[PDB]
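Novice: Here the protein sequences come in this chain order: B and A.
Reading the first sequence from the start, the letters are residues 1 to 117, 121 to 493, 500 to 624 in the authors' numbering.
Reading the second sequence from the start, the letters are residues 1 to 493, 500 to 624 in the authors' numbering.
From the three backbone atoms N, C-alpha and C, an ideal C-beta is built for every residue, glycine too.
This is the structure, below, for whatever I ask next.
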Amino acid sequence: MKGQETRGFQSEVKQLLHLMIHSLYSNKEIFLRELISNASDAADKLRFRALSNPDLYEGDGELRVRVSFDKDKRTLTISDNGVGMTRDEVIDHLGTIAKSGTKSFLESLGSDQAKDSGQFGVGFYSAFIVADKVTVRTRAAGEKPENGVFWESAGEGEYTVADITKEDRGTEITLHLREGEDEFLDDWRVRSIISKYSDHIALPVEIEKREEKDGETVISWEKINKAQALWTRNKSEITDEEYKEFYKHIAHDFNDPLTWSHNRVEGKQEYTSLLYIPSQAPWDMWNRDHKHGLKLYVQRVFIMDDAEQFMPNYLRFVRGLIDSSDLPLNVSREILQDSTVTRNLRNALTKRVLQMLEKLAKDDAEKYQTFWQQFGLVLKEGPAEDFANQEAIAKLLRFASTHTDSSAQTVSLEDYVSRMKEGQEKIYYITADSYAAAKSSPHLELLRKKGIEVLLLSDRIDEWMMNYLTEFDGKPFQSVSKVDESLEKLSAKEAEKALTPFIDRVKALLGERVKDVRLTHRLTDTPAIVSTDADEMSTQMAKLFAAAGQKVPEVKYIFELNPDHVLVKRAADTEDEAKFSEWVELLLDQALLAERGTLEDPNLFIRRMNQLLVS
Amino acid sequence: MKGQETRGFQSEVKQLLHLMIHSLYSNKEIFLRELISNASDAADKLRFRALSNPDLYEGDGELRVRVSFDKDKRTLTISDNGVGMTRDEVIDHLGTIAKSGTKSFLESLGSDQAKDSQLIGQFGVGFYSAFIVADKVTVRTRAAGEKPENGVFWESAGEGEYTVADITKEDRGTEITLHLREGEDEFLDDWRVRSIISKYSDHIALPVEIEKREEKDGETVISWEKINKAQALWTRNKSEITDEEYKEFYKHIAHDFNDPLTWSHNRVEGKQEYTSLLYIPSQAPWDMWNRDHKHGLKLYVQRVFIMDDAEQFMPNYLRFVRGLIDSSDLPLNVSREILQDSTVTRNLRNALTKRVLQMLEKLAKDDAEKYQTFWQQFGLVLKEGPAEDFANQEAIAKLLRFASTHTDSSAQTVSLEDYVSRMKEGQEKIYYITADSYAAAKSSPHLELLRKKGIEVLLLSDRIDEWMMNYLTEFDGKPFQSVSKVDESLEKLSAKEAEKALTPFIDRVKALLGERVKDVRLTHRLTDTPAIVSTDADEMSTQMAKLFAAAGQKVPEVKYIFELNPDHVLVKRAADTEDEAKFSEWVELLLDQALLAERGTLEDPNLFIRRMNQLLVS
Ligand SMILES: Nc1ncnc2c1ncn2[C@@H]1O[C@@H](COP(=O)(O)OP(=O)(O)O)[C@@H](O)[C@H]1O
Ligand SMILES: Nc1ncnc2c1ncn2[C@@H]1O[C@@H](COP(=O)(O)OP(=O)(O)O)[C@@H](O)[C@H]1O
């Protein structure tokens, strides 16, 4: 009680209050609606101020208003851990009364309504309709605990204000009840009153429950809005069917979910989250910015159907709903996109989703396959679009490769390294327009012969993904379509040779069309085969430019020939200039079609071969 | 004045009105705001009722409220072609007074406010405001739909008694004639009235027109002048705007910075009523090919903004069209939902689609240079049209453009007209090839004969073409046929000297292959291609199969018809060889050879090659 002060006005102010407050005499019970409300606005206000300077919570997350009693000293004590008032605030609000109150009262005065008639609303001072001493202790978030404020009043023209201390933020309204009004010590009656409000109110209202049992008299706090909330009953009450049914409902889909993660986070930010992974990518999947899924609730209340915001694009299949508290109701997409809390909440959830997937892949690779069937093409965005997890994503990735004679893709990157052979340092992949070309490329035949596992990438986004996905578990990625100096020496030497003459003859004949001509011990039954390395525009990269419809960039190709194949030698020998020309030409076109895939003239190659057969 | 009747309900009602109406005495001018408003709600109400039963307009589109005078009989006549009242309506509204008026007046009564001073300028009376400056209000009105004889008359002195009578007026709406009071000559000044009304007109919903006369050209004219002018670059008619002005505009309302290739800006009076301005961009933006999101059309209502961007007034195959349409008589407050419930949408859409297509046709008459740039940018979209909007499949197909034999540039510039134009005598059909790429098209086996005789063939290389054709059936009397399907029309179409017949050969291939090819034949598709494979017979065509492939379903079985060229080396040379293994190798090489040239993306270039390998090795 330091710095005490009585501010203590007069005359028929003393009277005026014994007027208005008494006007409410018909529906006294109002004073609850009014006080409970104030406690709401308190919290939500604090919530909002905590979108920013995070430490405004001082740790304690749960915001609640608690109604307690004393059938002894006959007190009814409403208290909230809201934002609370400072000293000035106190004296300027509690100090005065209710601007809207007096106002609508005054302009009401003297009208038939006014004179001959419960129609009204005073404010905070409503309390004095059932109290004869209102005693406020409070301290406002942020302020050192010593900056508390005391406010007693008789509900006349004079109140007392004093600096106190309380090591626990919020507002403690202690009503000293009047003779007669014992009706408001019935924790029931209070309950039943407040219940009508609590479906507009913004806050947990907890009521003191003194129930005696075991001989020992316990006091619980009973939240009077239990909340019909299938994402509230913890993971040990719910049926797998219950979950399934739920997702069904809030998805307008009717297949079962493949899996779900439903958790509850206390602490920094505070929220109950439930997420599903569907089994059937809907229609909209690959259209529009419209991403749906996440329903955002605030305080077990509905805000918006659907924010794409708490989900990164490469998981825009995730359905479900997150239910925040400590996110201020009234929030909307804009407001979120201005706060940081969004950034954080997003990231956390992304973790939760990825985990949920990892586990699905441990526990039911049957179902999980069905997942990757449905969504893999989306998850393959991930690596380009959230480096912070490029690991825990890549694991989730799945591929088709050499050691699997099936279009379907089921190869884990783990499953790759696992059955890697001793000494093998790199992870090899081919990138073609189609599974076909992949499985059956010239670049394949050696590795496929030695048995080495090659990866079969047939989706256009792959030619994208790789550029970012660099290296898994210590083993970097390399591509068969790019002849390296590592495989350049993999066993083959007993009796060498040299077939220079016509290779310089091919070099001369072609000119700049191919950047180089060589032999290569890529001893596939394939005669000729064309590559490009040297940090130049790779072949599918070109096709990618084609596919986004820009000028297909020039390819610097490296013609390679197979010294151990019929047609290689047989053309190599012929000494007719016209015939030979026809032959090396047939060989190149042959290799081209096998690389550039969609050969921009299958006829032309054919026609050259036609003549080579005709004449 | 048929069926006349004087009703009145009395007492200190006669007095009560000389109370409230007189409460407004401070700001008499109010009676304008009030009447003008009523005329607004009138129109907009009618507008809304005309989202449905279309004929509610009786033709006449422009909705306006007109203030006229008479410095003679001292009348001020406000009139609207709004929705108007029926008889019951009259007696139930005009008949009584003002519910909100009396109400807020009553609960006001006896309070300090009420008592003192000119606070009496608080208790807002309604229609009856008129009697604050009138001493005789005379209403003639008839409500949309009702036969013109169901008009209603309503005179009143502004006491407790009004007269109502059935009259007739062959012109919908509400005619409020105020008989002005001694003193209040202030409201015959067409100016003062104007200047008053101007403050309102920025919330009002309607054209307010004032009677503006001048003895000019010797003669005294009466022009109706509108109060607001509207800063509206789509209002000044086509004879008051700069090509730069237009260009700048599109730029702005597109967030694009290239110039438009063309525009159509017109004004429709009549059934539905609206000023439309549309542009054809020069650069298809990013979003072009993937969004449940069209943009472009900005919908204004009464020179007011409604929504940025509707996709209901444009069909998909023109979703590049940018611009804005400005309806009147589309009821403001309308939104996508409401439109998609009305029919007016259906109609408005269709009309615009016409206007767009026309705008294009003309572009193709008057600057084929630019138009090419158009088709470069948007053709792939316009090629949806034929499958989408049968009602114009003509005026679309003309706009279509292709590459064909009688050019050898990848670029496509051939009008269908340009095709038939240089068709040869007797040639009845229009031929096309459908390949994965310009290459294959230009250089297909099916080509070489037609290309030799000189006959123009169409080179379709985009995947949607294999779609479009199925619907685009026949242009200007000449049906479409495809080279990839050997018909019995070209089957008989030059220099045939020595003739005979092979049979051991053809039947030996038939036996060797079995069911793999449905038939084996010769064909005078004579040219430097040996073997070539087709199918006809109303069976699954080749690209149709590829289309199933491309939507990723089980690639349906193709019933192929092997054909051979009796006049080519390799044809004969394999034909003669009598070794069973060698010959097998040869007919096999011939088939694989033809396959790759049809099925294009040959699902094993190696396999064909390997067969040829052996045919060269051993
Ligand atoms: N539990 C509370 N926590 C923080 N401020 C409160 C609390 N209860 C009342 N207040 C403050 O007092 C109110 C304003 O005072 P006033 O305008 O005089 O009307 P009244 O005091 O009746 O609500 C609220 O606006 C709020 O700022
Ligand atoms: N020009 C008008 N056209 C159609 N109805 C009108 C017109 N002017 C007044 N009304 C009708 O009369 C009004 C209702 O009457 P009422 O409730 O007694 O108040 P007031 O007559 O003063 O507007 C409007 O709601 C409207 O329906």
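Note down, in chain order, each residue of its chain lying with its Cβ closer than 6 Å to the Cβ of A:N228, except the 5 sequence neighbours on either side.
Specialist: Cβ neighbours of A:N228 beyond the five flanking positions: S201.
Novice: Any C-beta of chain B sitting closer than 8 Å to the C-beta of A:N290?
Specialist: Closer than 8 Å: yes.
Novice: Can you tell me whether B:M20 is buried or exposed? The criterion is at least 16 other CB atoms within 10 Å of its CB, across all chains shown.
Specialist: Its Cβ being crowded by 16 or more others within 10 Å, B:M20 is buried.
Novice: Which value, in whole angstroms, describes the spacing of the CA atoms of A:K516 and B:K578?
Specialist: Rounded to whole angstroms, A:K516 to B:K578 spans 36 Å at the Cα level.
Novice: Could you list which residues in chain A have their beta carbon closer than 9 Å to that of B:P562, in chain order?
Specialist: Those within 9 Å of B:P562 in chain A number zero; the least Cβ separation is about 17 Å.
Novice: Among the residues of its own chain, which have a CB less than 6 Å from the CB of A:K212, if the five just before and after it don't count?
Specialist: Cβ neighbours of A:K212 beyond the five flanking positions: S223, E225.
Novice: Tell me where the alpha helix (DSSP H) around B:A441 begins and ends.
Specialist: B:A441 -> alpha helix (DSSP H) spans 438-442.
Novice: Suppose contacts are defined by Cβ-Cβ distances below 8 Å. Is B:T607 in contact with A:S437 by that definition?
Specialist: Yes, these two residues count as a Cβ contact at 8 Å.
Novice: In chain order, what residues of the stretch 600-613 of chain B put their CB closer than 7 Å to some CB of chain A?
Specialist: Residues passing the 7 Å Cβ filter: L602, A603, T607, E609, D610, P611, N612, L613.
Novice: Between the alpha carbons of A:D309 and A:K298, how many angstroms are there, rounded?
Specialist: So the two alpha carbons sit approximately 5 Å from each other.
Novice: Given A:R401, which residues of its chain have a CB within under 7 Å of its CB, disregarding the five upstream and five downstream residues?
Specialist: So the list reads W375, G379, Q412, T413, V414, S415, once near-sequence residues are dropped.
Novice: What would DSSP say about B:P207, mapped onto helix, strand or coil?
Specialist: Residue state, collapsed to three classes: coil.
Novice: Judging by CA-CA distance, which residue of B:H530, B:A165, B:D55 is the nearest neighbour of B:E503?
Specialist: Checking every option, the nearest Cα to that of B:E503 belongs to B:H530.
Novice: Taking a contact to mean a Cβ-Cβ separation below 8 Å, would you say B:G84 touches B:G101 in this structure?
Specialist: No.
Novice: Under 7 Å Cβ-Cβ, which residues of chain A neighbour B:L459?
Specialist: Near B:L459 there are no residues of chain A at all, since even the closest Cβ is about 16 Å away, more than 7 Å.
Novice: What residue does the alpha helix (DSSP H) around B:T353 start on, and which one ends it?
Specialist: Per DSSP, B:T353 belongs to the alpha helix (DSSP H) from 344-366.
Novice: From A:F568 to B:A600, what distance separates their C-alpha atoms?
Specialist: Roughly 28 Å between the two C-alpha positions.
Novice: Considering A:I325, what are the terminal residues of the beta strand (DSSP E) in which it resides?
Specialist: Start and end: 322-328.
Novice: Looking at the unbroken beta strand (DSSP E) that takes in A:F480, where does it start and where does it end?
Specialist: Segment 478-482, the beta strand (DSSP E) holding A:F480.
Novice: Taking the DSSP output, what are the residues bridged to residue 494 of chain A?
Specialist: Since chain A is numbered 493 and then 500, with no step between, residue 494 of chain A has no place in the structure shown.
Novice: Count the other CB atoms within 10 Å of the CB of A:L449; is the residue buried (16 or more) or exposed (fewer)?
Specialist: It counts as buried.
Novice: Quick one: which unbroken beta strand (DSSP E) runs of 3-plus residues sit fully inside the stretch 230-311 of chain A? Chain order, please.
Specialist: As far as the stretch 230-311 of chain A is concerned, its whole beta strand (DSSP E) runs of at least 3 residues are 262-268, 273-280, 298-301, 305-307.
Novice: So A:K370 packs on A:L261, CB below 8 Å; how close in whole Å?
Specialist: Between A:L261 and A:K370 the Cβ distance is about 5 Å, and since that is below 8 Å, they are a contact.
Novice: Between A:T6, A:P510, A:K565, A:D534, which lies nearest to A:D525 when the distance is taken from Cα to Cα?
Specialist: With distances taken between Cα atoms, A:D525 lies closest to A:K565.
Novice: Would you check if there are 3 or more beta carbon pairs closer than 8 Å linking the stretch 68-78 of chain B to the stretch 234-243 of chain B?
Specialist: Contact fails: fewer than three Cβ-Cβ distances are below 8 Å.
Novice: Over what stretch of residues does the alpha helix (DSSP H) that includes A:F105 continue unbroken?
Specialist: That run of the alpha helix (DSSP H) goes 99-108.
Novice: Exposed or buried, what is B:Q549 when buried is set at 16 or more other beta-carbons lying within 10 Å of its beta-carbon?
Specialist: With 16 or more other Cβ atoms within 10 Å, it is buried.
Novice: Assess contact between the stretch 39-59 of chain B and the stretch 149-166 of chain B, defined as three or more Cβ pairs (one per stretch) separated by less than 8 Å. Is contact present?
Specialist: The stretch 39-59 of chain B is not in contact with the stretch 149-166 of chain B.
Novice: Using a Cβ cut-off of 8 Å (strictly closer), state whether residue 495 of chain A contacts chain B.
Specialist: Missing here is residue 495 of chain A: after 493, the next number in chain A is 500.
Novice: Could you give the distance in angstroms between the alpha-carbon of B:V334 and the alpha-carbon of B:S117?
Specialist: If you take the alpha carbons of B:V334 and B:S117, they lie about 41 Å apart.
Novice: Cα separation between B:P148 and B:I167?
Specialist: Straight-line Cα distance between these residues: approximately 9 Å.
Novice: Would a check of beta-carbon distances place A:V577 closer than 8 Å to chain B?
Specialist: Chain B, which has no Cβ nearer than 8 Å to the Cβ of A:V577, makes this no.
Novice: Between the stretch 287-318 of chain B and chain A, which residues of the former have CB atoms less than 8 Å from a CB of the latter, in chain order?
Specialist: Cβ contacts with chain A: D287, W289, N290, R291, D292, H293.
Novice: First and last residue of the alpha helix (DSSP H) that includes B:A165?
Specialist: Here B:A165 belongs to no alpha helix (DSSP H); instead the beta strand (DSSP E) covers 161-167.
Novice: Applying the criterion that 16 or more other CB atoms from any shown protein chain within 10 Å of the CB defines a buried residue, is A:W191 buried or exposed?
Specialist: So A:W191 counts as exposed.
Novice: Under three-state DSSP, which class holds B:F187?
Specialist: It is helical.
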